[PDB]
Protein chains: 2
Amino acid sequence: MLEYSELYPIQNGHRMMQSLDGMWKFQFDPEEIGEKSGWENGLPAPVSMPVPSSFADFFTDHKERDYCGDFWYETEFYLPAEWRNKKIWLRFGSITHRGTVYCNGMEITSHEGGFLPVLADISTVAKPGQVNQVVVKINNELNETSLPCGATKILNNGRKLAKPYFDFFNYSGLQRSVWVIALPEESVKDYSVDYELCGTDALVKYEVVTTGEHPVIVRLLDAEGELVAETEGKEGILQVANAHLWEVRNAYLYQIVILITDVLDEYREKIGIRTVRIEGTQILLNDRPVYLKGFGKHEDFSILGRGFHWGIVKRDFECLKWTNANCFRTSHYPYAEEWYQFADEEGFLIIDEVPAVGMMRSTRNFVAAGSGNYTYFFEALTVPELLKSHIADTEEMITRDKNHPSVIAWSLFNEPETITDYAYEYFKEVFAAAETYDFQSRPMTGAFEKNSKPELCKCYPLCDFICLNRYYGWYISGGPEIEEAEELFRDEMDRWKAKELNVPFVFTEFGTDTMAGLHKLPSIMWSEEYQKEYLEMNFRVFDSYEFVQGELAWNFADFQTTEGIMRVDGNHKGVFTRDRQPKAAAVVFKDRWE
Amino acid sequence: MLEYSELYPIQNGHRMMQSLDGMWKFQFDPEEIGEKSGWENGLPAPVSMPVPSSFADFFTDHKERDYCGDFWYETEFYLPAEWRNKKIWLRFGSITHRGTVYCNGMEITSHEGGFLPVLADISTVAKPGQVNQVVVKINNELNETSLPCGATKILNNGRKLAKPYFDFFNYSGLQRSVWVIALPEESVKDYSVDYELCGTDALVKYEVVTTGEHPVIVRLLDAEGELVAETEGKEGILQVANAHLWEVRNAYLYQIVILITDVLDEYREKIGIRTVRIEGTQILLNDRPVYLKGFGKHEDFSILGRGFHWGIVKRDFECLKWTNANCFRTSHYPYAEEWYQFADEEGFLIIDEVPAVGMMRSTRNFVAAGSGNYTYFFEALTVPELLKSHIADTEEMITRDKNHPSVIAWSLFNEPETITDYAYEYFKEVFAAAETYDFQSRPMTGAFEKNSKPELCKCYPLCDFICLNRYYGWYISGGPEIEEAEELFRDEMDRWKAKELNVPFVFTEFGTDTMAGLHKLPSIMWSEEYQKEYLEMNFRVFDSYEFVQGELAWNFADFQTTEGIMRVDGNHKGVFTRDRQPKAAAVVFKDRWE
Ligand SMILES: [Cl-]
Ligand SMILES: [Cl-]
């Protein structure tokens with residue numbers, strides 16, 4: 001279990017917080033001489049770099065956009081003098097992909113994983129009342145011992161080029177907000193809630209972790225601040241009579257309030273009373289079935305790359321609502337915590353995905369996810385280091401996101417090898433670990449490439465429901481062969497039906513690249529009309545199987561990828577353009593999903 | 001030698017001609033029951049179809065655009081009564097890809113090859129003074145015994161889908177003009193001219209073929225109609241003193257006049273006195289070196305497909321002149337005869353290409369032309385039938401085009417297998433046959449894919465000069481690897497240099513797909529800026545080798561291809577858009593080629 005708290009920062013009497021967002025100093029370190037040359041003390045010749053954002057798309061030259069290797073940030077903040085006697089942490093929403101944090105010259109901690117928060121305890125070096133310095137050494141290379149997976153090519157000048165095993169640009173930097181926070185010396189470290197429904201009434205079971213021994217009181221407030229339940233102890237049950245349940249696209253948020261007393265700490269968070277259970281082939285939310293309708297997405301916008309902005313969230317949610325979606329998948333990595341906060345208010349359902357993408361050794365991975373070629377990926381001697389990373393990223397993800405009502409499943413892989421017992425052994429461990437970290441035991445899943453065929457795949461028995469990525473009519477029998485493609489699709493769904501697994505299937509990826517404004521009569525692959533015809537055919541197949549309980553189309557919006565001959569300025573399978581405007585097919589979803 | 005004349009039709013006393021262009025009747029024959037059901041007599045339920053044009057892009061539904069198999073045309077013309085006693089032929093500029101011609105109910109002839117004229121002698125069935133009927137059964141399937149090569153997929157309904165081994169849409173139909181012509185019973189069938197330069201003076205050596213025994217007189221007129229030479233005999237030498245030579249981008253056309261006498265026939269054609277010789281690594285035109293600057297092209301325009309229109313020629317030549325080009329390659333098939341006629345007036349140099357494309361078994365042939373995978377193509381038992389077709393298409397091409405001054409080389413293959421003695425044996429025969437059909441023995445060549453490596457290729461010793469297709473910085477080390485690509489290019493050109501072959505090299509294909517209006521700073525593959533950077537780098541490499549004597553960039557204009565995931569509405573490697581407007585890179589050529 002973890003040496004820090006994953007809880008979002010708040011500001012009350014006992015807990016303080018100050019934003020470090022703004023313009024930082026930035027400098028590339030291509031010869032990797034920073035540590036030995038005093039950069040922990042300040043950067044020798046930096047530039048200005050916005051935070052949060054991704055560094056790549058600001059520059060005007062290739063070597064800098066495509067930089068791969070070591071690079072540094074530095075900034076300076078004044079701590080209020082009133083934060084003596086408090087524990088003081090730096091909280092980075094993310095450090096992509098790995099980094100060591102230095103503060104006032106001292107190395108505080110290093111982290112691996114570029115999509116989950118990083119906590120640095122600077123209590124012993126922070127100078128309250130004075131100006132303080134923070135310096136972060138970051139690395140954005142890809143390998144097969146960390147997620148997401150890939151490789152690093154050295155070119156003739158010795159400069160490094162990222163060669164990912166995934167299909168999305170390797171944005172990196174400090175992409176999410178950065179805080180400095182003050183906690184009490186005895187503090188709430190973690191807590192977990194589970195829900196039971198008793199007719200109209202409800203139980204909120206909870207457990208609490210603290211950095212101390214003092215008694216804990218837990219209060220639960222309704223939307224208007226009035227009290228509805230109170231229990232003493234670090235373990236308890238809250239009784240909410242005539243409970244107001246969090247519903248799909250109709251949220252109700254209670255407020256939990258955790259206290260440590262003699263009052264030493266207070267933590268407050270919005271939660272939603274709802275239950276998630278798989279009965280047979282159905283997904284039950286509050287004991288009634290739900291059908292998932294929505295999109296795979298990316299944290300991706302012009303200029304900012306993966307940088308968080310609230311304006312992107314607002315628009316992306318006003319578009320999801322306009323299509324009448326109810327659900328999205330945080331593909332292929334946990335998002336910024338603000339996305340889940342807002343999903344909670346709006347009643348969207350989230351499949352939360354750990355970044356286990358790239359577990360097949362292929363640099364053009366999307367044509368290759370149906371080629372039939374096994375890459376011997378889980379037979380290699382780096383696999384134990386990889387497994388340790390994957391489990392640690394699952395643990396940090398679940399701890400961070402488990403108390404959001406919108407999060408209803410965990411996706412623990414996208415398009416890996418599953419056709420050999422080497423991969424069963426691997427994934428069995430991962431699921432085992434995820435089952436222990438989630439106090440609610442909500443459904444665990446992953447998304448399968450076409451190569452994980454019903455006859456050969458070893459891993460679908462680990463899944464509570466099964467997610468399929470399928471491109472019938474695009475990478476398989478596309479264009480004039482599109483009727484062959486429908487058959488082949490039905491052929492496979494027939495074989496899955498024949499297995500009588502009695503579990504739900506969700507299509508988590510299907511789509512066509514579509515250039516906005518390419519019209520052709522008759523339609524051709526890449527036009528707007530072909531996208532509509534494609535979707536109308538996948539819909540017919542989905543609607544032919546009682547156990548298909550969900551469609552998450554790929555993608556919500558055009559996004560940026562590694563450049564290559566099959567990628568025309570990124571990936572054009574969006575239903576919206578990258579500036580968040582709808583292609584002709586968005587209307588297809590809107591109508592179907594009403 | 002051939003049972004018909006390849007000479008363009010003219011109209012004088014002795015030779016008459018009438019156009020059949022207009023709206024014809026058209027009908028698909030998917031069950032292939034036309035012959036047995038009386039369609040030779042008239043079509044049972046036809047539609048209207050323009051001639052010349054390609055049928056595919058008129059329709060609004062897939063099954064008809066993508067039709068593959070048998071299909072029929074029919075029209076009706078009145079012959080003047082005055083054409084009794086004349087021999088009467090139908091002349092189709094083309095019938096793509098194969099066809100049997102019926103006239104007034106009788107089968108006249110069938111043809112194989114879809115890019116060269118088809119002559120049908122209807123003398124014995126034509127009814128002068130009445131209305132006559134012509135009916136053509138056509139087939140547009142692809143195989144490995146005819147050119148260009150491919151395959152035919154049967155889908156689940158039994159309908160056929162063309163699966164070409166080449167990268168261009170399988171347009172088909174009656175794509176060029178169609179005449180009915182009247183000849184004298186004793187007529188000029190063929191003639192050939194060769195040129196010698198004697199200081200300021202010149203010799204036009206000629207031979208003539210007739211369908212008879214009567215004496216032949218040959219006259220040569222200058223631009224203004226005045227006489228400059230006369231010789232009796234079917235074999236002769238014309239002495240032109242103070243000759244006016246056809247020059248690059250500065251043409252002079254004399255007029256040859258062939259007569260049969262007692263006067264029984266007259267044939268007239270414009271020719272240009274010029275010489276083509278390869279001395280060492282130089283291409284000499286009129287004994288001085290020339291550097292080829294221009295484009296590979298296609299017969300390709302919106303709506304019309306491969307249909308000929310003079311307006312396309314005019315605009316395409318006003319664009320070539322604007323880029324300061326001097327040369328193009330009729331890739332990948334002989335064009336309509338009007339293109340060469342106009343090249344003669346404008347002084348452009350032409351590499352004339354027989355349609356020997358597809359001689360490697362691959363349906364995504366352009367990523368595969370550098371993959372390294374041999375397809376065992378010339379070891380197969382269809383190869384002798386294929387060779388017979390290729391030689392017959394070379395023979396018909398050369399006979400048709402040999403007397404154009406603009407035609408200065410023959411390309412006899414594009415991107416075939418060359419790395420085994422199976423293919424040497426094949427191509428040795430082809431060159432042997434082409435050498436016999438060309439009275440001027442002008443240079444013979446072909447274009448090589450990257451897979452025909454210097455160490456392995458068996459076929460470059462047959463070539464008078466060597467043509468290379470290379471995509472360094474696009475299908476090989478493109479994008480951020482573009483400096484690796486330059487090296488690799490130089491590595492190969494170094495190996496060719498080391499072979500000290502002392503022959504000229506012409507790059508006949510290099511380019512990048514470029515979406516008009518995609519700008520990015522820094523540039524990415526597919527943008528307009530990347531095209532410029534690509535070209536500026538290939539130019540540096542070309543300019544580093546004394547023996548590179550030509551650059552023909554691919555392509556002059558965006559054109560239509562089989563639809564697929566790597567083709568965004570056709571092929572975007574044009575320097576012009578398909579509507580004949582310039583991308584940013586066209587200006588690069590303009591400046592370099594002044
Ligand atoms: Cl640059
Ligand atoms: Cl249709």
# chains A, B, ... in the order shown; residues from 1 in each chain; ligands from 1
call {"tool": "residues_near_ligand", "arguments": {"ligand": "ligand 1", "cutoff": "9 Å", "atoms": "only C-alpha atoms and all ligand atoms", "output": "list in words"}}
result
residues 60, 61, 62, 63 and 64 of chain A; 522 and 523 of chain B
call {"tool": "write_last_selection", "arguments": {"atoms": "N, CA and C atoms", "output": "PDB file, in the first residue's frame"}}
result
ATOM      1  N   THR A  60       8.440  25.378 -33.389  1.00  0.00           N
ATOM      2  CA  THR A  60       8.336  25.524 -34.842  1.00  0.00           C
ATOM      3  C   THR A  60       9.359  24.687 -35.609  1.00  0.00           C
ATOM      4  N   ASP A  61      10.142  23.855 -34.933  1.00  0.00           N
ATOM      5  CA  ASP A  61      11.122  23.014 -35.592  1.00  0.00           C
ATOM      6  C   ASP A  61      10.990  21.568 -35.141  1.00  0.00           C
ATOM      7  N   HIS A  62      11.362  20.658 -36.046  1.00  0.00           N
ATOM      8  CA  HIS A  62      11.174  19.234 -35.799  1.00  0.00           C
ATOM      9  C   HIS A  62      11.949  18.750 -34.574  1.00  0.00           C
ATOM     10  N   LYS A  63      13.233  19.081 -34.453  1.00  0.00           N
ATOM     11  CA  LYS A  63      14.015  18.430 -33.397  1.00  0.00           C
ATOM     12  C   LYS A  63      13.350  18.610 -32.023  1.00  0.00           C
ATOM     13  N   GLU A  64      12.644  19.724 -31.806  1.00  0.00           N
ATOM     14  CA  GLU A  64      12.053  20.041 -30.516  1.00  0.00           C
ATOM     15  C   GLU A  64      10.667  19.450 -30.374  1.00  0.00           C
TER      16      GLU A  64
ATOM     17  N   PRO B 522       5.952  22.696 -37.154  1.00  0.00           N
ATOM     18  CA  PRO B 522       6.778  22.131 -38.219  1.00  0.00           C
ATOM     19  C   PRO B 522       5.983  21.163 -39.064  1.00  0.00           C
ATOM     20  N   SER B 523       6.535  20.813 -40.212  1.00  0.00           N
ATOM     21  CA  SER B 523       5.806  20.084 -41.215  1.00  0.00           C
ATOM     22  C   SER B 523       5.661  18.636 -40.809  1.00  0.00           C
TER      23      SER B 523
END
call {"tool": "closest_atom_pairs", "arguments": {"of": "chain A", "to": "ligand 2", "cutoff": "12 Å", "atoms": "only C-alpha atoms and all ligand atoms", "output": "tab-separated table"}}
result
residue	atom	partner	partner_atom_place_in_ligand_line	distance
A:479	CA	ligand 2	1 (Cl)	11.7
A:480	CA	ligand 2	1 (Cl)	10.3
A:482	CA	ligand 2	1 (Cl)	11.3
A:483	CA	ligand 2	1 (Cl)	11.5
A:520	CA	ligand 2	1 (Cl)	11.9
A:521	CA	ligand 2	1 (Cl)	9.0
A:522	CA	ligand 2	1 (Cl)	6.8
A:523	CA	ligand 2	1 (Cl)	8.4
A:524	CA	ligand 2	1 (Cl)	11.1
A:529	CA	ligand 2	1 (Cl)	11.1
A:530	CA	ligand 2	1 (Cl)	10.9
A:533	CA	ligand 2	1 (Cl)	9.7
call {"tool": "interface_residues", "arguments": {"of": "chain A", "to": "chain B", "cutoff": "10 Å", "atoms": "only C-alpha atoms", "output": "mmCIF file with N, CA, C and O atoms, in the first residue's frame"}}
result
data_model
loop_
_atom_site.group_PDB
_atom_site.id
_atom_site.type_symbol
_atom_site.label_atom_id
_atom_site.label_comp_id
_atom_site.auth_asym_id
_atom_site.auth_seq_id
_atom_site.Cartn_x
_atom_site.Cartn_y
_atom_site.Cartn_z
ATOM 1 N N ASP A 57 3.870 20.894 -29.171
ATOM 2 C CA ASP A 57 3.279 21.620 -30.279
ATOM 3 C C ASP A 57 3.473 23.135 -30.182
ATOM 4 O O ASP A 57 2.972 23.865 -31.040
ATOM 5 N N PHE A 58 4.215 23.634 -29.193
ATOM 6 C CA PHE A 58 4.571 25.056 -29.196
ATOM 7 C C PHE A 58 5.666 25.388 -30.199
ATOM 8 O O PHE A 58 5.615 26.433 -30.844
ATOM 9 N N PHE A 59 6.656 24.523 -30.327
ATOM 10 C CA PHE A 59 7.829 24.776 -31.145
ATOM 11 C C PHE A 59 7.518 24.790 -32.628
ATOM 12 O O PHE A 59 6.503 24.283 -33.075
ATOM 13 N N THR A 60 8.440 25.378 -33.389
ATOM 14 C CA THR A 60 8.336 25.524 -34.842
ATOM 15 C C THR A 60 9.359 24.687 -35.609
ATOM 16 O O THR A 60 9.433 24.794 -36.836
ATOM 17 N N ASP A 61 10.142 23.855 -34.933
ATOM 18 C CA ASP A 61 11.122 23.014 -35.592
ATOM 19 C C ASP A 61 10.990 21.568 -35.141
ATOM 20 O O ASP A 61 10.645 21.284 -33.988
ATOM 21 N N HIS A 62 11.362 20.658 -36.046
ATOM 22 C CA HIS A 62 11.174 19.234 -35.799
ATOM 23 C C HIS A 62 11.949 18.750 -34.574
ATOM 24 O O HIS A 62 11.393 18.052 -33.727
ATOM 25 N N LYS A 63 13.233 19.081 -34.453
ATOM 26 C CA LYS A 63 14.015 18.430 -33.397
ATOM 27 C C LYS A 63 13.350 18.610 -32.023
ATOM 28 O O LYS A 63 13.408 17.702 -31.189
ATOM 29 N N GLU A 64 12.644 19.724 -31.806
ATOM 30 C CA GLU A 64 12.053 20.041 -30.516
ATOM 31 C C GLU A 64 10.667 19.450 -30.374
ATOM 32 O O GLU A 64 10.317 18.939 -29.317
ATOM 33 N N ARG A 65 9.852 19.516 -31.413
ATOM 34 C CA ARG A 65 8.575 18.829 -31.359
ATOM 35 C C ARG A 65 8.790 17.362 -31.065
ATOM 36 O O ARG A 65 8.128 16.790 -30.192
ATOM 37 N N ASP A 66 9.735 16.737 -31.765
ATOM 38 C CA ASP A 66 9.962 15.310 -31.639
ATOM 39 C C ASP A 66 10.996 14.946 -30.591
ATOM 40 O O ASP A 66 11.453 13.801 -30.564
ATOM 41 N N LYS A 153 14.434 4.708 -30.876
ATOM 42 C CA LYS A 153 15.404 4.607 -31.957
ATOM 43 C C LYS A 153 16.478 5.674 -31.766
ATOM 44 O O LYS A 153 16.174 6.818 -31.412
ATOM 45 N N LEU A 155 19.116 7.785 -33.872
ATOM 46 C CA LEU A 155 19.374 8.176 -35.245
ATOM 47 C C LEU A 155 20.873 8.391 -35.425
ATOM 48 O O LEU A 155 21.661 8.151 -34.510
ATOM 49 N N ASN A 156 21.286 8.853 -36.608
ATOM 50 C CA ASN A 156 22.709 8.906 -36.926
ATOM 51 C C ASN A 156 23.453 9.947 -36.089
ATOM 52 O O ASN A 156 24.639 9.748 -35.760
ATOM 53 N N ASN A 157 22.786 11.042 -35.717
ATOM 54 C CA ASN A 157 23.410 12.011 -34.817
ATOM 55 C C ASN A 157 23.351 11.605 -33.346
ATOM 56 O O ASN A 157 23.794 12.371 -32.480
ATOM 57 N N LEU A 161 14.564 9.212 -30.987
ATOM 58 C CA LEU A 161 13.232 9.326 -31.559
ATOM 59 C C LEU A 161 12.307 8.281 -30.924
ATOM 60 O O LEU A 161 12.620 7.083 -30.905
ATOM 61 N N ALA A 162 11.173 8.732 -30.404
ATOM 62 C CA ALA A 162 10.208 7.809 -29.811
ATOM 63 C C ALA A 162 9.550 6.981 -30.899
ATOM 64 O O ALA A 162 9.147 7.509 -31.943
ATOM 65 N N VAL A 367 -3.034 -1.657 -38.123
ATOM 66 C CA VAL A 367 -3.149 -2.654 -39.189
ATOM 67 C C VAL A 367 -2.742 -4.019 -38.661
ATOM 68 O O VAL A 367 -3.211 -5.053 -39.149
ATOM 69 N N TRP A 474 -13.483 -1.725 -42.352
ATOM 70 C CA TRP A 474 -12.429 -0.725 -42.452
ATOM 71 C C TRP A 474 -11.070 -1.380 -42.644
ATOM 72 O O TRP A 474 -10.519 -1.313 -43.733
ATOM 73 N N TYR A 475 -10.495 -1.978 -41.613
ATOM 74 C CA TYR A 475 -9.263 -2.717 -41.835
ATOM 75 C C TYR A 475 -9.538 -4.126 -42.328
ATOM 76 O O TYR A 475 -8.591 -4.819 -42.696
ATOM 77 N N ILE A 476 -10.801 -4.553 -42.347
ATOM 78 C CA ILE A 476 -11.202 -5.865 -42.832
ATOM 79 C C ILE A 476 -12.382 -5.697 -43.773
ATOM 80 O O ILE A 476 -13.367 -5.038 -43.428
ATOM 81 N N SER A 477 -12.297 -6.337 -44.932
ATOM 82 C CA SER A 477 -13.272 -6.222 -46.008
ATOM 83 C C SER A 477 -13.957 -4.867 -46.112
ATOM 84 O O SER A 477 -15.188 -4.788 -46.217
ATOM 85 N N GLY A 478 -13.170 -3.799 -46.125
ATOM 86 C CA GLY A 478 -13.712 -2.479 -46.354
ATOM 87 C C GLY A 478 -14.091 -2.179 -47.825
ATOM 88 O O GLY A 478 -13.782 -2.900 -48.793
ATOM 89 N N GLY A 479 -14.787 -1.055 -47.979
ATOM 90 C CA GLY A 479 -15.091 -0.522 -49.269
ATOM 91 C C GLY A 479 -16.126 -1.307 -50.041
ATOM 92 O O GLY A 479 -17.271 -1.447 -49.630
ATOM 93 N N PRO A 480 -15.749 -1.777 -51.222
ATOM 94 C CA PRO A 480 -16.655 -2.606 -52.010
ATOM 95 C C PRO A 480 -16.860 -3.994 -51.457
ATOM 96 O O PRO A 480 -17.714 -4.726 -51.982
ATOM 97 N N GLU A 481 -16.072 -4.406 -50.474
ATOM 98 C CA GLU A 481 -16.233 -5.708 -49.854
ATOM 99 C C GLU A 481 -17.078 -5.627 -48.591
ATOM 100 O O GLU A 481 -17.006 -6.514 -47.744
ATOM 101 N N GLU A 483 -20.127 -5.972 -47.783
ATOM 102 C CA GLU A 483 -21.047 -7.052 -47.458
ATOM 103 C C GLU A 483 -20.293 -8.295 -46.990
ATOM 104 O O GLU A 483 -20.766 -8.994 -46.093
ATOM 105 N N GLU A 484 -19.128 -8.601 -47.574
ATOM 106 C CA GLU A 484 -18.302 -9.663 -46.996
ATOM 107 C C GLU A 484 -17.999 -9.348 -45.539
ATOM 108 O O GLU A 484 -17.949 -10.245 -44.691
ATOM 109 N N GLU A 487 -20.917 -10.250 -43.058
ATOM 110 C CA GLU A 487 -20.932 -11.698 -42.849
ATOM 111 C C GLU A 487 -19.871 -12.097 -41.856
ATOM 112 O O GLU A 487 -20.158 -12.700 -40.822
ATOM 113 N N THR A 512 -14.402 4.550 -38.749
ATOM 114 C CA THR A 512 -13.743 4.736 -40.025
ATOM 115 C C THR A 512 -13.052 6.079 -40.017
ATOM 116 O O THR A 512 -13.605 7.062 -39.526
ATOM 117 N N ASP A 513 -11.869 6.136 -40.588
ATOM 118 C CA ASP A 513 -11.266 7.435 -40.792
ATOM 119 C C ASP A 513 -12.148 8.234 -41.753
ATOM 120 O O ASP A 513 -12.594 7.726 -42.784
ATOM 121 N N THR A 514 -12.412 9.482 -41.416
ATOM 122 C CA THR A 514 -13.309 10.304 -42.211
ATOM 123 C C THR A 514 -12.750 11.717 -42.304
ATOM 124 O O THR A 514 -12.661 12.428 -41.305
ATOM 125 N N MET A 515 -12.383 12.119 -43.503
ATOM 126 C CA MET A 515 -11.967 13.479 -43.779
ATOM 127 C C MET A 515 -13.206 14.375 -43.849
ATOM 128 O O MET A 515 -14.089 14.167 -44.681
ATOM 129 N N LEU A 518 -15.040 15.558 -47.364
ATOM 130 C CA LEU A 518 -14.907 14.624 -48.469
ATOM 131 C C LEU A 518 -16.265 13.948 -48.666
ATOM 132 O O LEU A 518 -16.684 13.099 -47.878
ATOM 133 N N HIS A 519 -16.971 14.371 -49.701
ATOM 134 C CA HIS A 519 -18.214 13.765 -50.128
ATOM 135 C C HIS A 519 -17.995 13.013 -51.424
ATOM 136 O O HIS A 519 -17.307 13.505 -52.323
ATOM 137 N N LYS A 520 -18.605 11.840 -51.528
ATOM 138 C CA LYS A 520 -18.632 11.120 -52.789
ATOM 139 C C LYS A 520 -19.892 10.281 -52.880
ATOM 140 O O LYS A 520 -20.308 9.624 -51.924
ATOM 141 N N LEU A 521 -20.486 10.332 -54.057
ATOM 142 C CA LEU A 521 -21.658 9.554 -54.427
ATOM 143 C C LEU A 521 -21.329 8.723 -55.663
ATOM 144 O O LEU A 521 -21.192 9.290 -56.761
ATOM 145 N N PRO A 522 -21.188 7.394 -55.580
ATOM 146 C CA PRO A 522 -21.357 6.606 -54.360
ATOM 147 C C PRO A 522 -20.183 6.798 -53.426
ATOM 148 O O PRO A 522 -19.162 7.309 -53.833
ATOM 149 N N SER A 523 -20.357 6.368 -52.189
ATOM 150 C CA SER A 523 -19.426 6.681 -51.139
ATOM 151 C C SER A 523 -18.172 5.850 -51.284
ATOM 152 O O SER A 523 -18.196 4.719 -51.785
ATOM 153 N N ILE A 524 -17.070 6.412 -50.803
ATOM 154 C CA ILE A 524 -15.802 5.724 -50.799
ATOM 155 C C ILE A 524 -15.250 5.794 -49.398
ATOM 156 O O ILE A 524 -15.516 6.751 -48.668
ATOM 157 N N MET A 525 -14.463 4.782 -49.032
ATOM 158 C CA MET A 525 -13.713 4.856 -47.793
ATOM 159 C C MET A 525 -13.071 6.224 -47.688
ATOM 160 O O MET A 525 -12.526 6.734 -48.671
ATOM 161 N N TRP A 526 -13.206 6.829 -46.507
ATOM 162 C CA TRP A 526 -12.666 8.133 -46.124
ATOM 163 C C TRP A 526 -13.714 9.231 -46.239
ATOM 164 O O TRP A 526 -13.550 10.290 -45.626
ATOM 165 N N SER A 527 -14.803 9.013 -46.960
ATOM 166 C CA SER A 527 -15.768 10.097 -47.053
ATOM 167 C C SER A 527 -16.708 10.089 -45.867
ATOM 168 O O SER A 527 -16.788 9.122 -45.104
ATOM 169 N N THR A 562 1.487 9.842 -34.036
ATOM 170 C CA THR A 562 2.722 9.772 -34.772
ATOM 171 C C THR A 562 2.408 9.930 -36.238
ATOM 172 O O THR A 562 1.419 9.373 -36.735
ATOM 173 N N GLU A 563 3.249 10.709 -36.923
ATOM 174 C CA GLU A 563 3.048 10.915 -38.341
ATOM 175 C C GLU A 563 3.565 9.703 -39.105
ATOM 176 O O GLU A 563 4.483 9.003 -38.666
ATOM 177 N N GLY A 564 2.899 9.419 -40.215
ATOM 178 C CA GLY A 564 3.204 8.245 -41.008
ATOM 179 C C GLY A 564 2.353 8.221 -42.260
ATOM 180 O O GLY A 564 1.482 9.066 -42.476
ATOM 181 N N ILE A 565 2.603 7.222 -43.096
ATOM 182 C CA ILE A 565 1.922 7.236 -44.379
ATOM 183 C C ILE A 565 0.463 6.867 -44.289
ATOM 184 O O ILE A 565 -0.237 7.056 -45.283
ATOM 185 N N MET A 566 -0.006 6.316 -43.159
ATOM 186 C CA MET A 566 -1.414 5.921 -43.003
ATOM 187 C C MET A 566 -2.207 6.890 -42.143
ATOM 188 O O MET A 566 -3.364 6.622 -41.817
ATOM 189 N N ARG A 567 -1.610 8.019 -41.798
ATOM 190 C CA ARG A 567 -2.136 8.945 -40.823
ATOM 191 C C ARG A 567 -2.006 10.339 -41.430
ATOM 192 O O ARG A 567 -0.898 10.872 -41.570
ATOM 193 N N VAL A 568 -3.140 10.925 -41.780
ATOM 194 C CA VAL A 568 -3.194 12.193 -42.478
ATOM 195 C C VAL A 568 -3.379 13.335 -41.498
ATOM 196 O O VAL A 568 -4.483 13.884 -41.397
ATOM 197 N N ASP A 569 -2.317 13.718 -40.791
ATOM 198 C CA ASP A 569 -2.422 14.662 -39.684
ATOM 199 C C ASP A 569 -3.223 14.030 -38.553
ATOM 200 O O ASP A 569 -4.300 14.482 -38.176
ATOM 201 N N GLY A 570 -2.698 12.937 -38.047
ATOM 202 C CA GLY A 570 -3.398 12.271 -36.973
ATOM 203 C C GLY A 570 -4.481 11.317 -37.456
ATOM 204 O O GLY A 570 -4.523 10.841 -38.612
#
call {"tool": "atom_distance", "arguments": {"atom1": "CA of residue 471 in chain B", "atom2": "CA of residue 511 in chain B"}}
result
6.5 Å
call {"tool": "residues_around", "arguments": {"residues": "range 341-346 of chain A", "least_positions_apart": "6", "cutoff": "9 Å", "atoms": "only C-alpha atoms", "output": "compact mmCIF listing (two decimals) with C-alpha atoms, in the first residue's frame"}}
result
# COMPACT_ATOMS: atom_id res chain seq x y z
CA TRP A 246 -27.20 8.85 -8.39
CA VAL A 248 -27.61 7.73 -15.35
CA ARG A 249 -27.62 11.25 -16.73
CA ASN A 250 -29.47 12.37 -13.62
CA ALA A 251 -27.05 12.77 -10.74
CA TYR A 252 -27.53 13.39 -7.09
CA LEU A 253 -24.45 14.03 -4.98
CA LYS A 270 -18.96 14.56 -3.23
CA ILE A 271 -20.19 10.98 -3.69
CA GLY A 272 -23.18 9.37 -5.34
CA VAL A 313 -14.27 19.46 -20.60
CA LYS A 314 -17.28 21.79 -20.83
CA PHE A 317 -19.64 17.27 -22.33
CA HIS A 404 -16.40 8.52 -8.09
CA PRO A 405 -19.98 7.42 -8.78
CA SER A 406 -19.40 7.63 -12.51
CA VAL A 407 -16.69 4.96 -12.54
call {"tool": "closest_residue", "arguments": {"among": "A:105, A:158, A:446, A:173", "to": "residue 467 in chain A", "atoms": "only C-alpha atoms"}}
result
A:446
call {"tool": "closest_residue", "arguments": {"among": "B:589, B:322, B:191, B:335", "to": "residue 259 in chain B", "atoms": "only C-alpha atoms"}}
result
B:191
call {"tool": "select_by_dssp", "arguments": {"residues": "range 277-482 of chain A", "states": "strand (DSSP E or B)", "output": "number ranges by chain"}}
result
A: 277-279, 282-285, 288-289, 292-296, 301, 305, 327-329, 349-353, 357, 407-414, 444-448, 466-469, 472, 476
call {"tool": "residues_around", "arguments": {"residues": "residue 366 in chain B", "least_positions_apart": "2", "cutoff": "9 Å", "atoms": "only C-alpha atoms", "output": "list in words"}}
result
residues 166, 167, 362, 363, 364, 368, 369, 370 and 475 of chain B
